[PDB]
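# Results of the structural survey
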Amino acid sequence: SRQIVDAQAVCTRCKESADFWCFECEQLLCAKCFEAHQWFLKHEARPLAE
Amino acid sequence: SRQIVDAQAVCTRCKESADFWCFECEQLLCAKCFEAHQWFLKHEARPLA
Ligand SMILES: [Cl-]
Ligand SMILES: [Zn+2]
Ligand SMILES: [Zn+2]
Ligand SMILES: [Zn+2]
Ligand SMILES: [Zn+2]
């Protein structure tokens with residue numbers, strides 16, 4: 001399943017602009033929510049292209 | 001900006017399973033492509049996990 005991520009994509013948790021994609025959660029995250037995700041989970045994830 | 005994301009991380013070059021992200025190439029690379037990357041370039045990069 002590929003997915004289109006719009007230019008205005010937003011974090012799945014808060015309202016901030018998305019910066020990361022998690023391959024196992026399948027979700028978009030802002031930097032601050034992403035740092036929490038990395039503390040509590042060990043998932044493959046990547047920065048979004050700027 | 002506008003881009004496609006996949007459920008699985010695969011190398012941008014060869015489509016094998018990916019292991020690294022390069023911030024300046026903005027690319028996913030498998031281990032073998034990334035070793036080649038390091039031979040030719042010096043960029044900020046991280047493993048995917
Ligand atoms: Cl992707
Ligand atoms: Zn995750
Ligand atoms: Zn967030
Ligand atoms: Zn490759
Ligand atoms: Zn690079």
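Thresholds applied
Residues numbered from 1 in each chain as written, not as in the entry; some residues may be left out. Chains lettered and ligands numbered in written order. Heavy atoms only, no water. Donors = N, O, S within 2.8 Å, 3.2 Å for Na, K, Ca; no water. Tetrahedral: all angles 85-135°; square planar, octahedral: opposite > 155°, others 65-115°. Helix = DSSP H or I, 4+ residues; strand = E, 2+ residues; numbered from the N terminus. Buried < 20%, exposed > 50% of the residue type's maximum accessible area, 1.4 Å probe, protein only. Contact = heavy atoms within 4.5 Å. Buried area = accessible area lost by both parts, 1.4 Å probe. Salt bridge = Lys/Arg side-chain N within 4 Å of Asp/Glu carboxyl O. Polar contact = N/O pair within 3.5 Å; in protein donor to acceptor, adjacent residues only side chain to side chain. Nonpolar A, V, L, I, M, F, W, Y, C, P; charged D, E, K, R; others polar. Pairing = 2+ DSSP bridges.

- As annotated in the PDB entry, chain B carries the name Protein PML and comes from Homo sapiens.
- Per the PDB header, the title for this entry is "Crystal structure of PML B1-box multimers".

- As recorded by the PDB entry, chain A carries the name Protein PML and is attributed to Homo sapiens.

## Points about the coordination of the zinc ion (ligand 4)
All names here are of chain B.
- Each protein donor to the zinc ion (ligand 4) is listed here as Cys11 (SG), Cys14 (SG), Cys30 (SG) and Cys33 (SG); together their distances run 2.3 to 2.5 Å.
- Seen from the zinc ion (ligand 4), its 4 donor atoms lie at angles of 98 to 120°, and the figure they make is tetrahedral.
- Here the donor residues of the zinc ion (ligand 4) are spaced in sequence according to C-x2-C-x15-C-x2-C. You can see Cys11 sitting in the loop between strand 1 (3–6) and strand 2 (20–22) and its partner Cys30 sitting in the loop between strand 3 (27–29) and helix 1 (31–40), a full 19 residues away along the chain. The exposure classification of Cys11 matches that of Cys30, with both residues buried.

## What about the interface of chain B and chain A?
- Taken together, the contact between chain B and chain A spans 17 residues of the former and 19 residues of the latter.
- Interface area lost by chain B to chain A is led by B:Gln3, B:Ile4 and B:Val5, which between them contribute 34%.
- Remark: the boundary between chain B and chain A carries 0 salt bridges.
- Counting the contacts that link chain B with chain A gives 9 residue pairs in polar contact.
- Take the side of chain B that touches chain A: its biggest share by element is 4 residues, from strand 1 of chain B.
- Of the residues contributing to the side of chain B that touches chain A, the split by class is 10 nonpolar, 3 polar and 4 charged.
- Looking at chain direction, strand 1 (residues 2–5) of chain A and strand 1 of chain B are connected through 4 bridges and run antiparallel.

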